[PDB]
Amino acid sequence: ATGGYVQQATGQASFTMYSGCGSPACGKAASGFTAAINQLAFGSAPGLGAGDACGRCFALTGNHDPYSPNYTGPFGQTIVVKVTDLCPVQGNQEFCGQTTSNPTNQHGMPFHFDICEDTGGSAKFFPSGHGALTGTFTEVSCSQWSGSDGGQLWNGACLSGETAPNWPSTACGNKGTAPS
């Protein structure tokens, strides 16, 4: 995509959970299940505002625990998240360190979703005792997502991806160049 970002409607991903998603990189939070996506897919860098992932909805499915490879299940539910946030390369090498020159993380995954705990998504997705998984994602219509968007936190905030056709397409737009 523009800027060299890798933005695909379906693929393989890793998954973690995080706390504190009330002031996210897209500039609007949301009351439903939300996630951060790795920088190479988000379409922006820290401090540059919203990227083209903002507001898009994805169905997430876990099918493997990389820390316990003998575990065969059960896994959690498939959930639909809205992307509101950025998982930056800096400080998150293991999971969100994908760059244009090495577009997979330490678990071999080209994408990463960090699911926000605050609003309930991680309790539906992660089985107790297994807080990091790999699996798949697929972009869906936000008709499949429940919740409501919060107010704009700063000028330029954007969740317009929530009404966009699936990638490839442009809604909020990408900013800057993808990390090398």
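The first residue of the sequence shown is number 1, and the count goes up from there.
Colleague: Identify the stretch, either 108 to 116 or 124 to 132, whose C-alpha atoms have the larger mean B-factor according to the entry.
Modeller: On average, C-alpha B-factors are higher across 124 to 132.
Colleague: If you take the mean CA temperature factor per stretch, which one wins between 22 to 30 and 65 to 73?
Modeller: Between 65 to 73 and 22 to 30, it is 65 to 73.
Colleague: Tell me, please, which of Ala59, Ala35, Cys54, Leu48 has the highest C-alpha B factor according to the deposited entry?
Modeller: Most elevated C-alpha B-factor of the set, per the entry: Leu48.
Colleague: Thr138: which third of its chain by C-alpha temperature factor?
Modeller: Answer is lowest: the recorded C-alpha B-factor places it there.
Colleague: Considering every modelled residue of the chain and its Cα B-factor in the PDB entry, is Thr78 in the lowest, middle or highest third?
Modeller: For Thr78, the deposited C-alpha B-factor lands in the middle third.
Colleague: What third of its chain's C-alpha B-factors does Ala13 belong to: lowest, middle or highest?
Modeller: As the PDB entry reports it, the C-alpha B-factor of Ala13 lands in the lowest third of its chain.
Colleague: Compare the C-alpha B factor of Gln39 with those of the other modelled residues in its chain, then answer lowest, middle or highest third.
Modeller: Lowest third, going by the recorded CA B-factors of the chain.
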